[PDB]
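Okay, here we've got a single chain as structure tokens, the form deposited in one PDB entry, with questions on binding and movement later.
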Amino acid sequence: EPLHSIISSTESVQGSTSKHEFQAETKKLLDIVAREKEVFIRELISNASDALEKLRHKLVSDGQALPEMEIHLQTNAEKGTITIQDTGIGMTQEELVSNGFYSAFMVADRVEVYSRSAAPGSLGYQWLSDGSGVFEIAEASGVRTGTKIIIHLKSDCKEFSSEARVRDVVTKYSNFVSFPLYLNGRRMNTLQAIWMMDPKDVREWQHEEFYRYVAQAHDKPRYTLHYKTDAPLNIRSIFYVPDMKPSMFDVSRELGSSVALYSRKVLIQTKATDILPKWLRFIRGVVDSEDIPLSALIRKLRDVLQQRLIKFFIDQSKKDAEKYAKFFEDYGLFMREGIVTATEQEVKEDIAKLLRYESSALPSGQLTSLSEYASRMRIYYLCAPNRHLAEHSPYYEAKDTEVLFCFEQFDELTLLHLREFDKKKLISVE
């Protein structure tokens, strides 16, 4: 039996507990906090992961051996309890007094905590609170290094004492936790949050495996962007462009982005809706940012990613012009839609930087960007069925001025919405 559990009633308190008042703010908080509810598992697992990370980081800095670093969850139906224990850095009495965590009171009639700091010669402490105006602290024996939280669920939340209900919660939210997580002695997590890895270390087989998981697809990604940054915000993200052509569902999908939102390897909202501009909904991948509450002021992240993705495609066109040509053929509609739907001029020009057209100066079949046309001028366009019809259209013959050639009616409406590029106005020949 490969059952591995570490949770047991080893703690004991010798003397009585001292009673403490909750700060003015905290007391108000515990009431608002206790008004869905299942997210507390997410919060507690994330807290345990942080605790384990601090200890592991400290032990490596001191070149000391690493102990068992695990997160364990236990459910007890007879006692109506849910317990989470980690073998992390723990807490001292000072940190325990000051003491995310209070999300436990969403479902708890009373909370019971045992913690022992990893520092040598530390003591175990017991922390008790019913979510009222008083909590209790006392020295405890038999407290394992790390932290143990025992939640006595109120009758309205007894479901969280069932292994089936908790297992569904853990799998949905905490699938990518970086430390081994156990539920009633059974290992749960096996997926790797590859977006946290060093971009140059991720192997092609990992990107393909992850793309198929996030996109629920069976093809491969033709483009992969591993974007990590901390200057504006904290961003750990990977974006994939499917190898397939866009599907009728992709072009007509409403209120979806096909991008997962994460915070510290913990899920925030699967199929995040407003993480990317709607015209980038054909993108698959994940966005991880610790600067997320847990739904108004996210736009700053959306604009940063739009610019980064637009830069990525501009670079892709320069690295391989032929691969980008078919990408434009397959996904150009999204870019024209993004311009038609844009409201500010600077975004329209940025997206338009991705658009490709044919030119009278270049041979049939060769593409050119609006910037390359602007570079060579000493912006005029003509929309016609095809190239030969364009050269023979009366509008074109009428000074060694080069003219861009569009073929679709959306191209014209796109250029019509994009009045100007780089302060050069767009004027149709005919």
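Start at 1 and count along the sequence shown; that's the residue number. We call the rigid core the largest set of C-alpha positions that still match within 1.5 Å between the two forms.
Here the subject shifts to the form deposited in another entry, a form of this protein not shown in this document.
*Asks:* Overlay on the rigid core first, then point out the one of 305, 351, 82, 259 whose CA is displaced 2 Å or more between the shown form and the other one.
*Replies:* Result of the superposition: 82 is the only one at 2 Å or more.
*Asks:* When the rigid core is used for the superposition, does residue 338 move between the shown form and the other one (threshold: C-alpha shift of 2 Å or more)?
*Replies:* No, shifts by less than 2 Å.
*Asks:* Is residue 242 among the residues whose Cα moves by 2 Å or more between the shown form and the other one after superposition of the rigid core?
*Replies:* It does not reach a 2 Å shift.
*Asks:* Answer yes if the CA of residue 229 moves 2 Å or more between the shown form and the other one after aligning the rigid core, and no otherwise.
*Replies:* Not so; residue 229 is displaced by less than 2 Å.
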